[PDB]
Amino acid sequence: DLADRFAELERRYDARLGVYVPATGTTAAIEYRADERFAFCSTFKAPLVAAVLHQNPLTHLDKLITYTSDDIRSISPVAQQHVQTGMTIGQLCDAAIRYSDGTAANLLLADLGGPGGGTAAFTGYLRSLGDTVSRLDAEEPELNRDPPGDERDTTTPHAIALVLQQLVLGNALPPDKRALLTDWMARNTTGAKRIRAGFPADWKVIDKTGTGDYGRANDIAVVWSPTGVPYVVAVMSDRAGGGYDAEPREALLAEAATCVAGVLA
């Protein structure tokens, strides 16, 4: 049916594809490799910001954080410019969502505290939303390069989608903090050629991307139909076997997102 096409896309792009769209009152749940583990990559930065939002008051966003050149370890377009100034938690939230800033992610993890620099605290926060599957075990950038089959730093489309649904559409955050998360995801700058490129333009798309080694490309998104009905779309992919250096295939995520749009129309 529809699962036969995702296979075609798996063959045509030489990737393992995972897609999950939660069921609504009007549509059935789309599942393809939904409960298989894919690496989080940078998509955890969306549940990372809401966690800082969850246990901290709004004033905590004005707290300034100072850091050194040694702390810059992953792709960090914003953090590199403020080593002299330092950045506040709210600025780190912006940078981690809207630019996938690796260093802001590592700093926000440290703000959650705990063992492993915040990995235990973050995974613990996922648990509070019913997610018993995903886990975060490393920081940036090691969390992008775990070998295929390794369960560390992984989620599944099924799990990441239900988490994202409670954060954007559900009640996991009060509306005060919820509009900050959504607005950062809405003005994302890293995801133009993924889920957003597969949906018609009169559909509104907020997303958080993830990219890593072994051809890992992810995109988690909330979409709104032109009449205003919201859907959650989890799209993950890798190309293990093509090797650690496999090039990620963004076109696969865009093609699969047009596939989803055909079902929801």
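For clarity, a rigid core is taken as the largest C-alpha set superposing within 1.5 Å between two forms. Each residue number is its position in the shown sequence, starting from 1.
- Greater C-alpha displacement in 6 other deposited structures of this protein (rigid core superposition, RMS over structures and residues), of 190-198 versus 85-93: 85-93.
- Larger root-mean-square CA separation from the shown form, computed after a rigid core fit of the structures in 6 other deposited structures of this protein, is seen for 60-68 when 60-68 is set against 32-40.
- A summary of the deposited B-factors shows that, of 203-211 and 24-32, the stretch with the larger mean C-alpha value is 24-32.
- Across the two stretches, 233-241 and 66-74, the PDB entry reports the greater mean Cα temperature factor for 66-74.
- Of the candidates 165, 171, 123, 190, the one whose C-alpha carries the top B factor in the deposited record is 171.
- Residue-level temperature factors show residue 45 in the lowest third of its chain, judged at the C-alpha atom.
- When the modelled residues of the chain are ordered by their C-alpha B factor, residue 178 lands in the middle third.
- Among all modelled residues in its chain, residue 259 ranks in the middle third by Cα B-factor.
- Among the modelled residues of its chain, residue 158 has a C-alpha B-factor that falls in the lowest third, as given in the PDB entry.
- Sorting the modelled residues of the chain by their CA temperature factor places residue 83 in the highest third.
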